[PDB]
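Participant: Experimental structure below, sequence on top.
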Amino acid sequence: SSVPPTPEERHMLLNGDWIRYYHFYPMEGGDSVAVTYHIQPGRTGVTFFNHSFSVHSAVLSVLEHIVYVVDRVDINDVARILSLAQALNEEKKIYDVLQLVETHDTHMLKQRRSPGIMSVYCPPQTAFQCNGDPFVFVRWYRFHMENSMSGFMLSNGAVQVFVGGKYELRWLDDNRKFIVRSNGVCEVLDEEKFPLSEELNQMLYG
C-alpha cells in the first residue's frame, strides 16, 4: 500500500469542517424531502432532494441572525444571505423547516439524546458561533442501501461517506481517500483492495 496520513492530513480529517450529525426532513409527515446537518458552530443546514424546487440548500445561524440560501449549484453557486426577517417574509416555507429542525436538534441535546445520526468522530468543539466564517453546506447526497453507505459532497469539495456506523471515508483530493474511525485513527484507503469500491464509484459517478 501507500504512505500513511501526514500530520497536516490528520489535522484536516479530524479538525476540518465535517458533518457532526445528520438526519432528515420530515421528522412524522411523509417520506424524506431533505437532509438536515450540522457542520459549523451555530449553523444548522438543510439540503432539498427535489430537483424541481428552486432552493437547493439553506443554512440557519440564529446568533448571526442570517439564513444563507443556495438557489442553484448547477454552476458557479448562486447564493443569497438573508436576514431572519427577510427569510420569514420571502422564503417562509424554508424558514419554517430550518426552524423546526433547529428546535428538534436543541430539544434532543437538552434531553441528552442524540439529535441525529452521529458522526463516528466528533471533536471537543470550541463551538460557540461561526461569526465571519464562510458557509459550508451539502452540494449532493447519495445513499446505497445494500452497504448502508450515506455519502455527502460538501460545498468546499470535501467528500464524507458514512459506511453504516462502523467507520467513515473522508477526503479532499479524490486520489487520496481516508478511513476515519471512532477513536480518531485516520488511515489511507487502498482503493485497489477496498471491497466497497465498485459500490462507492457508482455513488460518486452516477
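Facilitator: Okay, I see it. Numbering: from 1, shown residues only.

Participant: separation between the nearest residue to residue 1 once chain neighbours are set aside and residue 74?
Facilitator: The shortest distance from residue 1 to any residue other than its chain neighbours is 4.4 Å, reached at residue 190 (CB to CB, 6 or more residues apart in numbering). No exception for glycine: its C-beta is placed from N, CA and C like everyone else's. As judged by CB to CB, to the nearest Å, residue 190 and residue 74 stand 34 Å apart.

Participant: Neighbour count for those two, which is higher?
Facilitator: In terms of neighbours (other CB atoms under 10 Å), residue 190 is the more surrounded of residue 190 and residue 74; the figures are 12 against 8.

Participant: Tell me if the more buried one really is in a helix.
Facilitator: No. Looking at residue 190 with DSSP: H, G, I helix; E, B strand; the rest coil, it is coil, so not inside a helix.

Participant: burial measure for residue 142, as a count.
Facilitator: 15.

Participant: Hmm, residue 205 and it touching each other?
Facilitator: No. In this structure residue 142 lies outside contact range of residue 205 using CB atoms under 8 Å: 10.7 Å.

Participant: which neighbours do these two share?
Facilitator: The overlap between the contact sets of residue 142 and residue 205 (CB atoms under 8 Å, 6 or more residues apart in numbering) is empty.

Participant: Show me the residue at the heart of the protein, geometrically.
Facilitator: Note on the chain: the residue nearest the mean C-alpha position is residue 19, at 4.2 Å, using CA atoms, centre = their mean.

Participant: I figured that residue was touching residue 37, is that so?
Facilitator: Yes. Under the criterion of CB under 8 Å, residue 19 makes contact with residue 37 at 5.0 Å.

Participant: Mutual contacts of those two, please.
Facilitator: Contact criterion CB under 8 Å, 6+ apart; residues shared by residue 19 and residue 37: 138, 152.

Participant: now the helices for this structure?
Facilitator: Here the chain has its helices, by DSSP state H, at 7-15, 84-90, 92-109, 197-204.

Participant: List the buried residues of the longest one.
Facilitator: Same thing as helix 92-109. 94-95, 97-102, 104-105 (16 or more other CB atoms under 10 Å).

Participant: Please list the residues outside that helix that contact it.
Facilitator: Contacts of helix 92-109 (CB under 8 Å, 6+ apart): 23, 25, 27, 34, 36, 38, 44, 46, 55, 58, 60, 62, 67, 69, 84, 87-88, 114-116.

Participant: Swap in 6 Å and give it another go.
Facilitator: 25, 27, 36, 44, 46, 55, 58, 60, 87-88, 115 (CB atoms under 6 Å, 6 or more residues apart in numbering).
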